[PDB]
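Data first, discussion second: the structure below is written as structure tokens.
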Amino acid sequence: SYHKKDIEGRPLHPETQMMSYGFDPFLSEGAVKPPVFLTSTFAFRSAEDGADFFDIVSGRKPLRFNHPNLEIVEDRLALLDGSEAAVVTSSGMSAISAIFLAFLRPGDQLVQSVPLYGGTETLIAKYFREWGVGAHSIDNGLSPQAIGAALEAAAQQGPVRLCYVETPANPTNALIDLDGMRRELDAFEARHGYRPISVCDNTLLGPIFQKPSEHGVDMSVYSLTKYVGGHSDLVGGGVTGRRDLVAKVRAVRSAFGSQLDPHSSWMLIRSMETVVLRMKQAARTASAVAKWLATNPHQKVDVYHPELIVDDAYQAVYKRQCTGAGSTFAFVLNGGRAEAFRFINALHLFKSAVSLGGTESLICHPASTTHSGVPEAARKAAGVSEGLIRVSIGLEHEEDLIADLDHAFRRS
Amino acid sequence: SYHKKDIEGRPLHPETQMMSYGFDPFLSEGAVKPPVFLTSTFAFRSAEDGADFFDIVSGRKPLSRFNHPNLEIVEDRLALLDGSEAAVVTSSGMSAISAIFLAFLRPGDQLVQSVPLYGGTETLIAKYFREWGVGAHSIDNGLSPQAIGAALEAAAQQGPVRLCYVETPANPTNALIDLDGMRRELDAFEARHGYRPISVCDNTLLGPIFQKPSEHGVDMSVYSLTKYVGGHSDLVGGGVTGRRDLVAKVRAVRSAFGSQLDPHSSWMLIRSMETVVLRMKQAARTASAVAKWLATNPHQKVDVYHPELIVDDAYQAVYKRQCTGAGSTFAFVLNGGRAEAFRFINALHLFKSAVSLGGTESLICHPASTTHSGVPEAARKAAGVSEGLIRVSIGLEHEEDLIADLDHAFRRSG
Amino acid sequence: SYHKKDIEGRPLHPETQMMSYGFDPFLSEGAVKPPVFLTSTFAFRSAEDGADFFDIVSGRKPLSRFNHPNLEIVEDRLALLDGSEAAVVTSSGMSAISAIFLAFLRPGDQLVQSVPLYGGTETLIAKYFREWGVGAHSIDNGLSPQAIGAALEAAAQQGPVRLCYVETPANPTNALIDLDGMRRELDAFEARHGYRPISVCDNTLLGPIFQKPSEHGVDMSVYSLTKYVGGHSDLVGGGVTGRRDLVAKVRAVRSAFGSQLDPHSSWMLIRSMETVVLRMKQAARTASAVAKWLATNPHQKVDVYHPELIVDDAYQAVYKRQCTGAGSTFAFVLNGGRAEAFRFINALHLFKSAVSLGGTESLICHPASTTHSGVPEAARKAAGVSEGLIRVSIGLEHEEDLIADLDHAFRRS
Amino acid sequence: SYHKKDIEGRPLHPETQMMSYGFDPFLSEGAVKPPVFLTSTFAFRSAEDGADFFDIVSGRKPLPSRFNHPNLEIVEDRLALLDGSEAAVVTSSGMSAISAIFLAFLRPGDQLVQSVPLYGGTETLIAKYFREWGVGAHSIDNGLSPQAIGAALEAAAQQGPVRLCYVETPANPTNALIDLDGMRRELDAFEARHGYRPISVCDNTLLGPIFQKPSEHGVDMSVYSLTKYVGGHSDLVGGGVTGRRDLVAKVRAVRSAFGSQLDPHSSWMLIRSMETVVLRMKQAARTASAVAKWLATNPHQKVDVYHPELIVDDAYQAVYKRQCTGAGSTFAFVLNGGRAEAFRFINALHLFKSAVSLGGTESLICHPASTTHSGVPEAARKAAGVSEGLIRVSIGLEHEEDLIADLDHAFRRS
């Protein structure tokens with residue numbers, strides 16, 4: 001009755017749902033917003049209840065087991081991206097970690113797209129590699145044959161437990177073909193008799209502009225720190241997808257103590273009331289700023305924004321799995337680090353930081369920050385050049401952001 | 001340097017300013033958002049500094065340590081949003097209105113008021129300050145400059161006219177007060193009497209985005225930040241904007257009566273104001289479409305008291321010159337009475353039954369049995385409150401869903 | 001069932017009640033602490049439900065929907081701490097005091113006051129409410145029932161005596177008002193004039209743990225919860241406790257003038273009250289030791305205005321009768337006037353130089369140039385606030401560290 | 001200057017340090033308490049600053065704090081000060097702190113030595129999750145016997161590298177002890193025989209940081225559930241790891257890689273909590289002694305009381321006298337009537353809350369065999385002294401006469 005998804009047959013819009021879904025005000029004194037349970041300690045009505053509770057939590061008896069504020073966030077997040085279930089954690093990285101800890105074992109192999117968020121690559125290549133997990137890279141995320149080849153290469157060395165992709169990629173907005181990935185995992189399953197669990201890091205576009213569950217992806221992972229929170233003021237992670245898989249992640253979250261805290265949960269609920277509004281606004285502005293960059297009167301720059309990438313295969317994937325371009329993109333100045341540094345330092349409205357998806361616009365130079373630990377050769381092959389600048393557009397007016405970039409070109 | 005109003009000469013848009021104006025990250029270790037000072041106790045660097053501090057605060061020596069850091073940011077941004085010189089924020093809309101009354105009224109003073117006012121303001125005037133010796137005089141017709149002058153003259157017959165307090169648009173009919181005509185009548189009053197009543201506008205329904213009384217010579221605006229500016233039906237807060245010297249007297253009262261906003265709510269306000277432009281324009285967009293749909297719905301003809309649907313010539317001339325949008329709170333009148341209104345409201349799924357307004361969620365109420373049930377029938381008539389009138393305050397939900405909910409209500413109550 | 005005041009017939013101690021009184025965990029999903037309602041907007045289940053609510057608010061139908069959930073717990077516990085029938089919390093100490101003056105004063109009314117008062121209170125009386133037509137009359141000697149009766153008589157010469165407003169112990173001298181004698185003087189006043197002034201005690205310095213004015217017939221107590229009850233110099237709030245009918249009138253003013261405490265601060269207050277007994281007794285213990293060391297310090301003979309060190313007979317009989325501890329705020333007087341007092345305060349490293357009191361950290365200030373610099377010099381001097389006087393408010397630091405800090409200040413000054 | 005540890009030569013007491021250590025008010029506008037940075041995003045003053053930052057963050061250039069959140073840093077300085085450690089890192093929970101230690105040091109094939117019984121959550125991490133990643137565990141039979149500690153180390157080394165010696169003392173719920181000095185000497189002898197040294201880790205939640213400082217006894221690292229005594233108000237979740245700088249640095253790197261930092265708001269609550277941690281832990285300990293003494297002599301039923309002050313054994317008391325300066329406030333007592341009697345007793349209480357946490361302001365009670373220790377097999381449970389009649393209480397700040405009256409009522413109704 002408080003999980004109503006439709007009205008007279010037509011489904012409700014997400015922005016409507018984020019004000020009530022999963023919360024019954026009259027079970028909380030009529031409060032129109034959910035109260036914050038700033039505690040993790042809930043007492044039992046009896047010792048018999050306490051024993052009964054632990055019988056169920058442990059599985060000694062078949063199925064109160066969720067924090068009230070986390071449950072509302074999880075219900076609303078899964079609704080936003082079309083998933084059966086969701087679990088929220090203390091951070092994007094602890095959400096990704098819980099997935100790896102839930103499913104990987106020594107001897108396991110995983111397939112990954114390239115490039116991944118640096119912290120994810122660190123978990124795979126440093127920590128889990130040392131725990132006996134092998135990783136195999138997809139050569140070209142737009143080539144289904146390359147996805148299948150990576151799956152076969154992984155299967156040669158052990159069980160392929162996970163197929164973990166991140167699309168669009170940072171900072172070039174390169175894409176992974178989700179439908180092609182699903183079909184390659186279907187053929188793999190037909191050949192080997194088991195199916196790798198598919199996971200998509202959906203932070204850049206989701207949950208509003210991309211829903212991996214609509215493309216057969218088993219789980220999506222989010223750094224709620226970015227767009228969903230959207231105010232650069234809370235850290236949180238989320239995992240959405242099929243109920244049985246999310247249940248294993250929830251078990252790991254509880255075992256490794258990775259729960260999101262109640263106060264941040266209250267901020268997330270507040271944030272989710274404007275997530276539709278904020279993400280569409282930021283994307284509209286970023287679209288305008290990108291088009292202005294692509295034809296600016298100062299200096300020819302390459303603009304790696306999804307609407308400006310002309311390749312046929314790219315656009316076929318984009319049209320099929322994305323409903324907007326997000327608000328994070330990069331452009332490439334002529335010249336190297338020196339020009340990019342002078343450009344960034346001339347801006348007044350973009351703040352120099354490595355985060356993304358805030359109410360304020362952010363800017364950084366990946367080669368000297370997010371990607372400074374990668375060798376210069378591997379940066380160049382990944383398209384991260386010394387002239388590349390990444391912006392994450394916020395809620396400022398497009399005319400002010402454009403005027404800010406205009407001033408930077410002149411003063412550089 | 002932390003108060004930049006323009007870029008290469010052109011002024012920055014308000015939505016751009018709400019992410020930086022009045023805050024320098026590098027005086028707070030680069031934090032891109034202001035830290036929260038959850039304290040009101042700030043130590044002195046020396047006993048001499050403390051003595052110097054109290055010398056200045058009291059006026060013993062002529063002149064920001066005199067403002068809480070988080071309140072200062074909210075006030076700078078709020079004044080920027082509505083074009084004012086200065087602002088002071090309080091614990092609530094009612095304590096902001098109170099501070100204005102306490103700062104300027106004295107025994108024997110008279111005030112001019114528009115009608116109807118928020119119930120809480122009317123209680124302050126008619127119960128508390130009347131007992132303290134303040135007389136009030138009502139404007140008969142807020143669209144008539146002659147009626148404004150007459151109320152001012154009637155007030156001046158009884159004593160000094162200290163305040164001219166108006167509220168536009170009015171709740172629940174969205175009736176208007178002609179702010180430019182009030183300015184001209186106050187100009188003529190000042191020419192005749194040699195003093196000028198301070199003018200104040202409760203700007204909660206439309207401000208600060210869709211109406212800026214300071215652009216019309218109104219001395220001060222007062223706001224319930226609890227409504228639109230906060231916008232998420234959590235924090236409670238008030239704001240007063242206007243001329244710096246008047247705001248300073250209001251600020252002095254705020255300190256003496258201890259009605260400062262708390263820091264945690266200030267941090268919530270700062271967060272809210274990062275989306276206030278977007279939220280208010282979206283809510284107004286949906287309300288305009290919902291109002292237009294009500295006006296031609298196929299179930300039953302209803303009067304719709306939304307500013308864009310009120311055809312009177314004088315009203316529209318006032319609306320066009322002092323408003324840039326219609327807000328998102330409006331009323332419509334069903335045929336029949338309380339019984340039909342109750343069946344309509346109870347059939348809705350997306351509107352919550354509450355008396356607040358300007359939240360992210362859409363709200364609905366029946367004023368005759370709630371907000372205006374304690375007033376005599378005469379006061380209901382003067383506010384346009386009949387038993388069939390229903391007031392909605394549109395939130396951020398999609399207009400197609402709100403319309404479907406209202407369409408369903410007509411069918412299930414008809 | 002959740003307002004249980006005793007166990008096996010015997011009443012529960014206050015520190016026990018601060019962990020449960022007025023809260024049923026099983027009405028909140030078993031949560032052992034009350035959830036925070038960060039909203040003031042509560043919806044009705046139906047349009048009829050809304051009409052019924054306002055029927056009750058307006059008195060058309062006789063009568064918790066009429067209180068915020070977190071403020072109600074704070075108020076229940078606060079009234080419990082000081083033995084009052086009822087309580088109402090506001091945004092600040094000053095808005096709580098204001099609510100009292102706005103609830104009861106009218107043009108022409110007179111009030112009786114003790115001296116000295118908190119500076120902010122003195123400003124409300126002598127500036128704002130005087131301009132609204134209220135006169136004030138001072139008790140010359142708070143230990144003298146004759147002086148209390150005299151002020152009441154002087155007040156009635158000019159108009160109705162609506163309030164008898166006292167603050168005991170006084171800030172910063174710890175001067176006392178004889179509360180039992182005040183009640184008896186008001187009884188005799190009522191016999192002569194046929195009406196009784198409402199008595200109010202600002203109970204911030206000692207309450208609610210070390211003094212309960214309701215046990216001495218005081219009609220209302222007012223608190224700056226910003227001080228001891230909050231105790232962490234991180235929230236601002238006020239409270240009024242006392243007779244149910246009087247608190248109800250203050251509450252109506254609180255709502256009409258928009259002085260509600262916010263929910264987040266209410267949650268912090270609930271958290272704070274779980275240690276208010278513990279914190280106030282610790283600070284009081286430490287202050288006794290620090291005052292005793294000051295009274296015999298090895299550097300300079302100084303007068304110490306701490307309740308345990310003021311030897312006067314009338315003082316101690318009043319103190320023993322109405323106080324169960326001495327608090328942690330007190331003053332001492334240097335010989336070197338303002339110049340030496342400034343050198344002393346500036347040499348300290350552990351006491352923070354600030355005007356607040358009753359925090360976890362120890363505080364120090366010079367009242368003649370700060371807290372009481374707004375009072376005319378004559379009234380300041382006549383109340384014992386002298387240029388050499390230094391006020392300390394002891395926190396939770398170890399007494400040996402505070403003494404070492406004061407010892408260093410004597411040397412470096 | 002903001003990290004001053006002494007005054008005129010004598011070191012400041014911990015309750016004094018918890019109000020100032022690691023914070024300079026005049027770098028925060030005189031605020032007497034630290035402001036809350038409710039953000040993790042800190043901007044660079046220049047592109048060159050950003051490149052320099054990552055030069056250091058990656059270890060390409062050494063540090064010449066920009067690399068710690070302001071509020072977490074104050075908590076970490078104060079925690080390390082309280083327990084005498086060189087360094088500290090705080091995480092989102094006790095379990096994420098314990099996990100970070102395991103993830104920083106364990107590899108497939110590694111062995112660890114553990115005390116018994118451990119917290120149920122720790123036992124699950126070892127026996128389920130890290131067992132499946134290839135880690136073996138070996139239990140110390142008698143924590144008071146140095147021979148038993150060395151035997152466990154030798155047994156572990158037969159099967160692979162002994163990476164960790166992980167103990168929890170006093171143990172939950174029996175208050176059984178690990179001889180920490182004897183453990184250090186056994187690790188010395190182990191190191192002499194094998195040429196490598198397991199890292200020693202002590203879960204110090206029940207007594208620390210006030211009543212036990214493992215760093216004073218050669219323990220390499222302590223781990224805390226700050227959720228219990230340090231927070232102390234049953235309203236925040238947090239973990240802490242303290243110890244040697246090089247080891248904490250490796251734990252900190254794991255914390256960052258696995259995203260388990262504590263959030264800013266909980267850090268601000270922790271700072272507030274630590275201002276009363278000495279007062280609260282000493283008070284709870286006083287009450288616990290009085291309640292335990294009353295239980296040992298109650299007129300209703302002879303019960304065994306497992307409170308450190310009531311355990312008469314010579315070896316136990318020598319260990320306790322040497323490494324503890326107090327008994328904490330969590331302890332157990334054993335009824336005769338097994339689970340059925342334990343349940344009737346617990347259900348009869350009015351002031352103790354039936355819950356599994358410990359170290360709150362409210363006193364708590366639970367039955368470990370069916371709750372906290374129900375996930376460990378019954379054989380391992382029974383050998384660790386967790387029996388069907390055992391009841392665990394955690395004393396809070398209530399007055400002892402009220403808790404005693406409450407337990408008295410429970411005995412009668414049973």
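In the text below, chain A, chain B and the rest are named by the order of the sequence lines, each starting its count at 1. The basis for the numbers below is simple: all heavy atoms, side chains too, and nothing from hydrogens, waters or symmetry mates.
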Could you tell me the separation between the CG atom of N347(D) and the CZ atom of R45(A), rounded to the nearest 0.5 Å? 10.5 Å
How would you list, by chain and number, every residue that makes a salt bridge (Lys or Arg N to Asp or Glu O under 4.0 Å) with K212(C), sequence neighbours excluded? none
Holding to side chain to side chain donor-acceptor pair (under 3.5 Å), I want the full list of residues that pass it with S288(C), two or more places apart in sequence or in another chain. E308(C)
Quick one: list whatever passes side chain to side chain contact (heavy atoms under 4.5 Å, CB included) with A284(C), sequence neighbours left out. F210(C)
Measuring from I73(C):CD1 to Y2(C):OH, what's the distance to the nearest 0.5 Å? 9.0 Å
Would you say the side-chain atoms of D76(C) pair up with the backbone N or O of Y21(C), donor to acceptor, closer than 3.5 Å? no
Correct closest heavy-atom pair for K353(D) and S20(C) would be NZ-CB, 3.6 Å
Between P262(A) and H67(A), what is the shortest heavy-atom contact and its length? CG-NE2, 3.6 Å
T287(D) side chain to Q283(D) backbone, donor-acceptor under 3.5 Å: yes
Any side-chain donor-acceptor pair under 3.5 Å between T16(D) and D401(C)? yes
Which distance, rounded to the nearest 0.5 Å, do you find between the NE2 of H264(B) and the CG of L38(C)? 6.5 Å
Using the test side chain to side chain contact (heavy atoms under 4.5 Å, CB included), find all partners of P14(C) that sit at least two apart in sequence or belong to another chain. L81(C), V277(C)
Using modelled atom types and a 3.5 Å cut-off, is there a donor and acceptor pairing between side-chain atoms of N71(D) and backbone atoms of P35(D)? yes
Give me the atom names and distance for the closest heavy-atom approach of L349(D) to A410(D). CD2-CB, 3.7 Å
Across all chains, not counting sequence neighbours, the salt bridge (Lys or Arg N to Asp or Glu O under 4.0 Å) partners of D235(D) are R271(C)
Are any non-hydrogen side-chain atoms of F53(A) and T371(D) less than 4.5 angstrom apart? no
So do the side chains of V393(D) and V291(D) get within less than 4.5 Å of each other, counting heavy atoms only? no
For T372(D), which residues count as a side chain to side chain donor-acceptor pair (under 3.5 Å) partner, sequence neighbours excluded? none
Main chain of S362(C), side chain of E397(C): is a donor-acceptor contact present, judged purely on distance under 3.5 Å? yes
Between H350(D) and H409(D), what is the ring plane arrangement, given parallel below 30°, perpendicular above 60°, and tilted in between? tilted
Looking at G240(D) and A97(D), what are the two nearest heavy atoms and their distance? N-CB, 3.9 Å
Minimum heavy-atom separation for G358(C) to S393(C), with atom names? N-OG, 2.8 Å
Is there a side-chain contact between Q17(C) and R77(C), using heavy atoms and a 4.5 Å cut-off? no
Going by the rule salt bridge (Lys or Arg N to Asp or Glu O under 4.0 Å), which residues pair with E15(C) if we only count those two or more places apart in sequence or in a different chain? none
Nearest heavy-atom approach of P209(D) to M281(D) is CD-SD, 4.2 Å
Between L270(D) and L262(D), is there a side-chain heavy-atom distance shorter than 4.5 Å? yes
Side-chain donor/acceptor of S259(C) to backbone N/O of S91(C), under 3.5 Å: no
Give the ring-plane orientation class for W266(A) versus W267(B), where under 30° counts as parallel, over 60° as perpendicular and anything between as tilted. tilted
Listed once per pair and sorted, the salt bridge (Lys or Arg N to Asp or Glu O under 4.0 Å) pairs that draw on residues 274-286 of chain C, sequence neighbours left out: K33(C)-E274(C)
Just checking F333(D): does its CZ atom have more than 12 heavy atoms from other residues, nucleotides or ligands closer to it than 6.0 angstrom? yes
Within the 4.5 Å heavy-atom criterion, are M273(C) and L78(C) side-chain neighbours or not? yes
Spatial distance of atom OG1 (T41(A)) from atom NE2 (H233(D)) [nearest 0.5 Å]: 13.0 Å
Hey, does the side chain of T276(D) reach the backbone of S273(D) with a donor-acceptor pair shorter than 3.5 angstrom? yes
Euclidean distance, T329(C) OG1 relative to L363(C) CG, rounded to 0.5 Å: 8.5 Å
Validation row: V36(D), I271(D) side chains within 4.5 angstrom (heavy atoms): no
Sidechain-backbone polar pair: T39(B) side chain, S233(C) backbone, donor-acceptor under 3.5 Å: yes
So do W294(D) and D408(D) actually touch side chain to side chain, heavy atoms under 4.5 Å? yes
Main chain of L236(D), side chain of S266(D): is a donor-acceptor contact present, judged purely on distance under 3.5 Å? no
For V236(C), the side chain to side chain contact (heavy atoms under 4.5 Å, CB included) test, sequence neighbours excluded, returns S40(B), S92(C), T226(C)
Please list, chain by chain and in numerical order, all residues satisfying side chain to side chain contact (heavy atoms under 4.5 Å, CB included) with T205(D), sequence neighbours excluded. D203(D), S225(D), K228(D)
Under the 3.5 angstrom rule, does the side chain of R392(D) hit a backbone N or O of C366(D) as a donor-acceptor pair? no
Regarding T91(D) and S96(D), is there a side-chain donor-to-acceptor distance under 3.5 Å anywhere? yes
Test salt bridge (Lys or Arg N to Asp or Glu O under 4.0 Å) applied to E76(D) - qualifying residues, sequence neighbours left out: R252(D), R255(D)
Who pairs with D82(C) by side chain to side chain donor-acceptor pair (under 3.5 Å), at least two apart in sequence or on another chain? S84(C), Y223(C), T241(C)
Assign the ring pair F42(A) / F37(A) to parallel, tilted or perpendicular, where the plane angle (0 to 90°) is split at 30° and 60°. tilted
Could you check if a side-chain atom of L207(D) sits within less than 4.5 angstrom of a side-chain atom of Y229(D), using non-hydrogen atoms only? no
Value for CZ (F352(D)) from CZ (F345(D)), rounded to nearest 0.5 Å, stands at 8.0 Å
Hey, mind stepping through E85(C) and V247(C) against side-chain contact (heavy atoms from CB on, under 4.5 Å) and telling me if it holds? CA-CA 9 Å; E85(C) 302 178 352; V247(C) 171; over 6 Å; no
